[PDB]
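What follows is the residue order along each chain.
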Amino acid sequence: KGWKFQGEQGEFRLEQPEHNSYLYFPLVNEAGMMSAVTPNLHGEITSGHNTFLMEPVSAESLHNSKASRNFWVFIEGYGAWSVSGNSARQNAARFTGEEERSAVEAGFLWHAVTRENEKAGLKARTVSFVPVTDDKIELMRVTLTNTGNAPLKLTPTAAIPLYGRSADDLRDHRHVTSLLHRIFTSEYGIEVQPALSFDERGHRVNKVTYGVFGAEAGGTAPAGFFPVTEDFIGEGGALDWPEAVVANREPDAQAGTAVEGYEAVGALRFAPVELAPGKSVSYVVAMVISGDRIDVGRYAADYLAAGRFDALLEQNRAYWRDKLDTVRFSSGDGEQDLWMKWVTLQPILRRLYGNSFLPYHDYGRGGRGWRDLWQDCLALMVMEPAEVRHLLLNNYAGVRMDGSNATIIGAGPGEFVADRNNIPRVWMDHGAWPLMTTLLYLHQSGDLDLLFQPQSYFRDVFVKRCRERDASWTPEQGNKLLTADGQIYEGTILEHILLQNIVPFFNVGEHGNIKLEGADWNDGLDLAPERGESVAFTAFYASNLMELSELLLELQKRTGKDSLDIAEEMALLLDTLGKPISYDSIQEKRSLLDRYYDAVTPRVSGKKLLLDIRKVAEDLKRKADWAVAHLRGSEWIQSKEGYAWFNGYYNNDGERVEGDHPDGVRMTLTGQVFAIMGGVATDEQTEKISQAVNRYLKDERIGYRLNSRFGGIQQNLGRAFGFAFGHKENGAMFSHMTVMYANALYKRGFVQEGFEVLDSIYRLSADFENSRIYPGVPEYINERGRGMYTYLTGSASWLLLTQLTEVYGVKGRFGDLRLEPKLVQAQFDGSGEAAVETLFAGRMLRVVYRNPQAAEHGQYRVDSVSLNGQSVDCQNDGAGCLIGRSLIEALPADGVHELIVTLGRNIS
Amino acid sequence: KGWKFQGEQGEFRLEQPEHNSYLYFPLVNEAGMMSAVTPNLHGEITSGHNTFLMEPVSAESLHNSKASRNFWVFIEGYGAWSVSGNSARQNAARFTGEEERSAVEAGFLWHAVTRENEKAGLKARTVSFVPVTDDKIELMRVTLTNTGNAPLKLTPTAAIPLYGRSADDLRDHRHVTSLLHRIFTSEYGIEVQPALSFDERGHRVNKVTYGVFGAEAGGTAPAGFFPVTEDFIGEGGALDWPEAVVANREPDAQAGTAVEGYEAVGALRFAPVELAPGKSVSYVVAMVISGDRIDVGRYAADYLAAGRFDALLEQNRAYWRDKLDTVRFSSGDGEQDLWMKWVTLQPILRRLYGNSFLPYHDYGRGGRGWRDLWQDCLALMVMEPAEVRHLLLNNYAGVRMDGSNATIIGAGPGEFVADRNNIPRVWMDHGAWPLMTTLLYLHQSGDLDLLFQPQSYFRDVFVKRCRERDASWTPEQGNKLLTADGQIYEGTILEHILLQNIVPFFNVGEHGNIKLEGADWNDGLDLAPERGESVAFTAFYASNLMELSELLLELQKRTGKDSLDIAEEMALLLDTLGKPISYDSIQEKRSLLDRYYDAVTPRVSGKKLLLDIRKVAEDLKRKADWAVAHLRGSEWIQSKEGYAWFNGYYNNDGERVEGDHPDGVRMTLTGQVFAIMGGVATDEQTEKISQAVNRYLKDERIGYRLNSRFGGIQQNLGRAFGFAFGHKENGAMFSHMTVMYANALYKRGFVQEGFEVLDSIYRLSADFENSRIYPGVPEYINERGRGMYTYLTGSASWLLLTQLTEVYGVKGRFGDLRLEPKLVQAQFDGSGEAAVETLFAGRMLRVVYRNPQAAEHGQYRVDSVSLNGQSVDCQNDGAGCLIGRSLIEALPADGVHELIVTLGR
Ligand SMILES: O=P(O)(O)O[C@H]1O[C@H](CO)[C@@H](O)[C@H](O)[C@H]1O
Ligand SMILES: O=P(O)(O)O[C@H]1O[C@H](CO)[C@@H](O)[C@H](O)[C@H]1O
Ligand SMILES: [Cl-]
Ligand SMILES: [Cl-]
Ligand SMILES: [Cl-]
Ligand SMILES: [Cl-]
C-alpha cells in the first residue's frame, strides 16, 4: 500500500519505502540550507548552484549512485550493515522476498528512516531535519536498539560523502578540481575548504567550508576519521561497501590532521559499544556549509551537546506548525484536509529552494523569474500578508516602457539585471499576471492607494519589446528610463498596469489575436515568435482590460478621484480620447504601436497628461469589447463530431492550431481557461467548452490533459512537442493549468464541474500505486500516472487559493469580507459542518459552514451569520453575504474568532 | 601482484583486477568510436562531446555508478550473477576474503574479463574490442563454460545502459531530455533516437541513433527485450541488481515495439540454455552509434552472424600489430621493450581520442590545440611519415603576422577559428615548438624545399599579440592577412618560422627575459601576464635563433641559394641589416617591436625584400649570442648550500621565483630543460644543474618532480599552485617535462644521467603496487606514486622519440641516416646485442648494435657497419657514423633489412 496519515497534524508513514523508485522528501530553512532525502538517505545537500555539500543529482542518481548519506554498524557475528539499507549486502536482498522491514515517517519538517535486522536483533531509526536557526546546517540522529535476547557489540561509522564545490564541476574538470580540496580534521569532525574554485565564475580563491561533525548522545567525540574517500572505500571499493567499514579498519586520522588533493568523505568512526537487550545508543551528525572556516566548538555546543538535537527538532516542529496553521481546512474528507496541509507547505518551499535543487529540478540555479514575483504573493496574501505590499511595489520597477519586462531578477528589493549580450526572450503572458495578483491584493486589503504610488521603469539595451537593439545606450545612463532632461521617470503603479495590458492589445498577428512572441504561460510554445498567436492569452488580456475599466470607475465612486496621471506618450495608445483608429485594422493597430515605441525610445519627455478617469475607462472598455467580440466571432470553433471550444493558438506558418486534423482533433486546455475565467466565453460557451474538454482532454487514467495528441514534433510551434505525449507540457496532466481551469469553472458557477476537476488532482496525486509520491501536488501527472517534479510547482499556490477563495468562498471585496460557499454536499462532515481557519484583516477567523438540511449547492442559501457569539448583518451584494471590514478589525488580536454561517434550503 | 606480460607481443594479464580503484583500458578506431573499459566493464562509449552512447564519467564514477556494461546469467539453484562481478551480491563479497577468482587480459587492441563462480560451477570470459571497420561500433563476446559435474540451466540477459545524448545533459536538464528519447525494438535489439537534442548547441532536431544488438554464437536473435530502464531495474531497483534479471521476469517487449519518453537500456534477453559439463555457449553484443536510423539487417550480417566476432578480432589484432611494428625495441630489459610497445601505441590514441573521452580526461571535448598540431607529427614521422609534410604546411596557416597564433583549431586542413567568446589568451611557448618539429622533419626527410612553400597568415580581431582589439575589423575582412591592395598575403614557411622566434626576442619584461604572457608549456602558470617572465622558454627561443642561423648557412652550402624572400616590414626586426639597436636596452627592444606591430596592423604592404642569407644568419646569431650571454650572466643562481641552476621564472610582482625561500628552496625542472637542450647551459652548468635537480627535485618515491614545494597558493604566478603538492603541474612527476629533461641530457652527452631519468619513468610506471596502471606512461606520477591521466599524454611521443633518436641513436641528418648509440652496457642482452627496428627513407631497418667487448658508453666507438650482408662506408668519424640516404633508398620496399653495427674499444 501507499502512505498512511497518522495523527491529525499531517504526519505520515510509508512501509517498505525503498520498494519505490525516485522518492524524495525536502528539508530546508530560511538561512539557505536546501536538502533532499530519499528512503535510503540519498539526495543532495546544497546552499546554491556553486556550493554543493553532497554531489549534485538528477532522478537517475537516486538509484544509480552509491553515495547516499550513510551510517554503518559493524555487528559482531554479522558484519557491515547500513542503517538505511544502502549496502551491497542489503541491496542484494531486493526482489528476493528476504528484504528487511523498513519505513519512512515524515512531518513538518522532518524525516525518519527505520530498519530492522532480524538476524542480529538490531533496530535503527534515523531522523533528518534542517534546524530553523541562522546556520546552513542539516542534522542526523541515528538511534540503534538491541531488540534481541543477548548483548550486541557494535562499531558505528557515520559517512556523508562530500563534494564541496560547484555543480559546474560534476564531470567537467571533476578530477582536476578534486586536487584543490583541503581537508582539516578536528575533535568533532572534518572540514573541506578548497583552495580555489574552478567553475563558470572563473578561477577564484575559495573560502567556503563544508563540514561533517558528530558525537555520541552524551557528547563524546568520534574515536577517529577516514577523511579521504579512496582510503575509506579501499582499493576497488565503493561507498555502499567500503573497506574501512567492511574490514573494520582502525581510523586513518585523528584530530589535527590536514590532507590535501583528494575527494573527501565525512567518515566519523565512533567508539565500539556494548548494547544491552532492550537498550539504545544514539549518534548526532551535523552537515554544515559556511562562508569561511567553521567555529567547530560553537557548532559542537549548539548541535552535538546532549539534548540539542531533540530541542532543535521541537523548535523546527513549532516553527512549521506556526507557518502552516494560517490556513486549515476541515471537512468530510479528512485525508484531503491533511493532504492540503502539505499543499499549503509547497509555496514556502518554492521560495526557499528558488524552484531548484531537488532531484527532478536538475536545471534550476536558485534564482527567481518574473512570474514568481507575482505568484509568490498569492500564498503570502493568505499566509503572511504583511510582506505583500512592499513586494508588489518593488516588482513594478521591472516593467519596461514598452510593456515588456526584465526577465532576470537580482539580489536587492526591486533590483533587476540587464543581459546586454544574450539574444533575449519575451513571454507575452508576463504583462497579464501582475494585474491579476494586484487586484487580489486590492480586494483582500482594501489598499486602493497602492495604485498611485510612484515607481521607475526598467531600461536596458533592448527596445520595441526586444525586437531592436538601441544604439544610444551606455552603462553610464543606468538601468532606468530617463526623461528628456536626464532624470529618472516615475509613473503611478496604475500607469505601469495600463501599459502592460494596452500594449499587447495592439501587438497583433495576421489573424488579429495577440502575438505569441517567445512563448505564453506554456514555456514549450517557443517556436512561433514570427507569426504565432496566443489566442489563449488574448482572452486574458481582454478580461484584464474590462476589469481595469470596472476598477477605474469603482475608484471614482470609492476614492472620489476623477483624474489619472499618465505619461503624454501613452495618450497615443488611448486613441479613443484623441483621433480613434479602427481596431478592425491590423495595419493600423501595428502602426500606432510603432509610433508609441518611437515616442518613448530612447527616452520619454517627462511631461504627463491628466486624463478623465471615466474617459480612460471608456477606452479600456472599448478595447475589451472589441476583443470579446472578435474572439467570439472568429476563434470559436467546432469539430465535425459537434463539440465546440476556443482555438488557443496560431502557429509560425499562420495556421490555426486547434480543430479537426488527420490523426485526431487538436485541442488545448490553455485556450479555454482564461476565456472561461475572464468572461470571454458566455455561460453557453462555457457549458460547451467543458463538454469538449471532457471529450478530448479528460483521460480516464491520468485526468485533464494540457492538450490532445499532435503526431510527432511541431517545429513551427514549440519544443514541447518533442516530449513524449503525456509528459511535461505535451499532454500531461499539468497541475497548474488544471487547477486554473477548476478555478475558472468555480468563478463562473460551474461548481459540480469544478469540484470534479479539483477532486481529480487529489485522487491522482494520492493514488500512490501509480503516483509514487509523498503528500503534495506534483507539477504533473504523466502518461503512466506518476507524480513528477514534486513540491516546488506553482500549482500549489493556486490550489490553496482556489480552495480558500472559491470552494469555501472566503475572499475580499475592496477589503470587506465576502462569504460565498461553493461547497458540495459530499464535503460536509458527520455533523453537517465544513470549516476553514484563515487570516483576514490581521485576524484569525474560523469560518464554519453549517448545512443541517444536507442541501446540495444551488439548493442552499445563507440563513444567518454569527460572529464570536453576537449576530451579523450581511449587506448582501449579489449571490453571497458581505461583511464590512470594521467588524473584523474590531475583534481581539489574539485568539481564533469563530464565524458561524448557517445554510438552509431555497423557497418556491 | 601487478600485471605480468605474456608472449612476446605485449599482451598482459592481471589477477583480481577489480581489487584496484580507477583502472581502465582504451578501445578505439579511426571511424570515431571511442571507449573505455574497466575490470567490471564500466567506463564510457562515445563518438564525441554531444554523442555519448553510455553515460559520461569521471574517475569517481568508475566505483560510484552502477551503470557498467553488464551481462547477466540467472543460474538455476543460485540466482542472478554478473559475468564481470558487477552485482550487489558479488560486490558484497569484496573485502570478506570470499571474492570470486577473476582476471583481465589485454592486448592490441582488445580486453578480456574472466570470472569463476565456484558455487555453481560456471566460468565466464568477456572479450571487448572496437573493430577496425568504417563503423562506430564496439563488440562484446561473453562465453559461458560449465566447469562442474552436472548440467546447468542458465538464462542470459545482456544489459548496456544507454544515455544517447550530449554530456551537457549529464545533470543539467538530464530528466527533461529523457522525455525526448524514442526507443525502437527490432529482431536483433534496441535503437534510441531522440526526437530533439537540448545542449549548448541549442534546441535542434536529432537524427543520431544509438543501438544495442545481440545474438547467440549461431546468429540466433534474442528472445526479447527490456528497453526501458526503470522497467528493467524495477521499482526500487538498480542496474547492479535489476528486477528483470533477479526475479527472472518475461521480456517486456518483442520486435516492432516503440516506446517514447524514458531512459533506455540495451537489455537483451536470450533463450534459456542447458549447458553440458565441460561445454560452452557464447553471445555477441554490438553497441553502435550512427548519424541516422541503423540498417540493423546489415549490422546483424556484418557483426552478429556466426564467426564474425572472431574474424573481426583477428582483423583488429593484425591492424594494430601492423601499426606498432613500425618501431620495435630489443634489449637486455625484456619487460621494458614490451612496455615501450604500449608507449608506442599512445600517440595514436591521443590522435584518435583528441586528448578526451577517457575517465580522467573529463574536461576534453575532442578538439585539437596548437601544440597538438606539432606534437602529433613526432610519432607520425617515425610510424607513418607520408602525411607529415601536408600537416606542417597547413599548420603554418595559423600563425599571425605578430608571431602569435590561432588557438582554436577547425574542421578542415589549415582551417583555424576566430574566438567569438572574448577572453583571448597567448601562450608564449607556442612560437617555439613549430621550428623544433619542422627541423626534425627536415633531418628525417631531407626535404629542405618545404621551407620555401607559400602560406597565408591568420588574422582575427586581436592584434599586438592580443593586447589590443582592432578598430577597422568586420566579418567583411575575413580570416587571413590582407595586403594594401586587398590580396591575401603569402610568405615562405621560413618567413613564418623567423617571425615566430624573432618577435619573442624583443618581447621582454623588466628583467630582460621573454614575457610569460598567458602561460608557457606549463598551462598552470596563468597568473603573471602583466609582469611575468619565462626565463625557461627564453633559453628555448635563444637556442631556436642559433639553430636558425646554422640552418640558413647550411641551406646555402646545400641548396646553393643566397637569398631569403621576407616581407619588407619584417626588416625592422632584423635590425642588424639596417640601423642596429642596443639589445641591452629593454625600452629599445619594446619600441622596435611596437613599430613592427604598427607597420603590419591592420594590413601589410605586400612588398617583399630579398635579403642576404648570410647576413640574416648573422642577425639571428647576434640575437642568440646576446640571449645566451644574458641568461648565463643574469639568471644563473646559487643557493646558500652551494647548489646552482637556472632561474626559470619571474612572477607578476617582478620578483625572481627560484632560489632560497622561507620553508624551502624553490626550483623548477622546466627552467633547466631547454637551457640544457639548446646549449645555453655550458657543460659545467649542465653538471651543476643535474646535481641541483637530483638534490631538490628527485623524490625517492615518485621521481623527478616538476617543481619543489611553494607553500600555499601563488596568486601572482599560477593556478597550478592551488593543486595539492605532487599533483598535476604542482610538483608531480610530470612525464612530459621529465622525458624532455632526459632527452636534453642525452643530447648533451650526459648519458648515465639521462639513463637514470628514463629508467625512473619506466620503474615508477610499472611498479603496479603504487602506480595502479596498465602498461603505458601516464601524464604524471602523483604524491602517492599513482599513475594519473593515462594513455593520452604527449610524453609518450617524446619517450618514443627519445628512445629511438637519442638512446639507440637512429636519427636523420639532412635526410642521411646517422647512427650514434648512447646505450649503456647494462642495456645489452646476453649475446651483447641491442636492436631497434624502425622506418627510415621508406624502408624498415633492423639496426643491431653488437658490443662483444662489453664496453660502457664513452669507452666504445663504431668499428664497422654491414648492410644486409655487404659492407658500408660511414662518411663521418665525428660524434657518429653517417650513412648516405641513397644506399637505404636503393633497398627493396618489402622486408626488414638488417644493419649490423659492431662496437669496440
Ligand atoms: O512547475 P510549475 O510552476 O507547475 O510550472 C512550470 O511550467 C509552466 C509551463 O511551462 C510555467 O508556466 C511555470 O512558470 C513553470 O514553473
Ligand atoms: O597531458 P600531457 O600532454 O602530458 O600535458 C598536458 O599538460 C602540459 C602542462 O600544462 C601541457 O604543456 C600539454 O599541452 C598538456 O596536454
Ligand atoms: Cl544475507
Ligand atoms: Cl535559475
Ligand atoms: Cl554468497
Ligand atoms: Cl577541446
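Residues numbered from 1 in each chain as written, not as in the entry; some residues may be left out. Chains lettered and ligands numbered in written order. Heavy atoms only, no water. Residues with missing side-chain atoms left out of burial classes, pairs and counts.

In terms of determination method and resolution, the entry is listed under X-ray crystallography at 2.5000 Å.

Engineer: Looking at this model, I keep getting lost on the sheet that holds strand β43 (residues 833-840) of chain B. Mind explaining?
Structural biologist: Across a sheet, strands are paired by hydrogen bonds formed along the backbone, either parallel or antiparallel in direction. Residue and element names in this part refer to chain B. Pairing is mixed across the open sheet formed by 6 strands, whose spatial order is β23-β43-β44-β48-β45-β46. Sheet topology places β23 (327-330) and β46 (870-871) at the edges, where each strand pairs with a single neighbour. Where strand β44 (residues 843-850) meets strand β48 (residues 896-904), 7 bridges bridge the pair, whose relative direction is parallel. Note that in β48 the partner of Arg846 across the bridge is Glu898. (Pairing = 2+ DSSP bridges. Helix = DSSP H or I, 4+ residues; strand = E, 2+ residues; numbered from the N terminus.)

Engineer: Whenever I open this one, the packing of helix α17 (residues 683-696) of chain B against helix α18 (residues 735-748) of chain B confuses me. Can you help?
Structural biologist: The description of two packed helices rests on the angle between their axes and on the distance between the axes. Residues and elements named next belong to chain B. It is at 12 Å that the axes of α17 and α18 come closest, and there the two elements cross at 145°. Between α17 and α18 the crossing geometry is left-handed. Residues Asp683, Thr686, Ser690 and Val693 of α17 form the contact with α18, whose own contacting residues are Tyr741, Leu745 and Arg748. Partitioned by chemical class, the residues of the contact of α17 with α18 number 3 nonpolar, 2 polar and 2 charged. (Axes fitted to C-alpha atoms, helices over the stretch in contact; angles between N-to-C directions. Left-handed = near helix turned anticlockwise from the far one by under 90°. Contact = heavy atoms within 4.5 Å. Nonpolar A, V, L, I, M, F, W, Y, C, P; charged D, E, K, R; others polar.)

Engineer: Got a minute to help me understand the interface of chain B and chain A in this structure?
Structural biologist: Accessible area lost during the coming together of the parts is what is often quoted as the interface size. Across the contact, 84 residues belong to chain B and 85 residues belong to chain A. Summed over both partners, the interface of chain B with chain A buries about 6,700 Å², with 55% contributed by carbon and sulfur atoms. The largest contributions to the chain B side of the interface with chain A come from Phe95, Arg171 and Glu235 of chain B, which together make up 14% of the buried area. Our count for the contact surface shared by chain B and chain A stands at 11 salt bridges. Across the salt bridge formed by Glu44 of chain B and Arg171 of chain A, the nearest N and O atoms sit 3.9 Å from each other. The tally of links between chain B and chain A comes to 41 residue pairs in polar contact. Ranked by residues supplied to the side of chain B that touches chain A, first place goes to helix α4 (residues 229-233) of chain B with 4 residues. (Buried area = accessible area lost by both parts, 1.4 Å probe. Salt bridge = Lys/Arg side-chain N within 4 Å of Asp/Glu carboxyl O. Polar contact = N/O pair within 3.5 Å; in protein donor to acceptor, adjacent residues only side chain to side chain.)

Engineer: It is not clear to me how the sheet that holds strand β8 (residues 102-107) of chain B should be interpreted in this structure. Could you clarify?
Structural biologist: Residue and element names in this part refer to chain B. Spatial ordering of the open sheet is given by β1-β2-β8-β9-β10-β11-β22-β17-β14-β13-β19, a layout of 11 strands whose pairing is antiparallel. Both outer strands of the open sheet, β1 (4-6) and β19 (258-260), are each paired with one neighbouring strand and no more. Across this sheet, the average inter-strand angle for adjacent strands is 15°, counted without regard to direction. Summarising the sheet, strand β10 (residues 122-129) and strand β11 (residues 136-146) pair through 8 bridges and their orientation is antiparallel. Across the sheet, the residue bridging to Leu122 is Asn146, located in β11. Packing of helix α6 (residues 296-304) onto the sheet brings it into contact with β11, β13 (182-186), β14 (189-192), β17 (209-216) and β22 (280-290), and relative to β17 it is tilted by some 50°.

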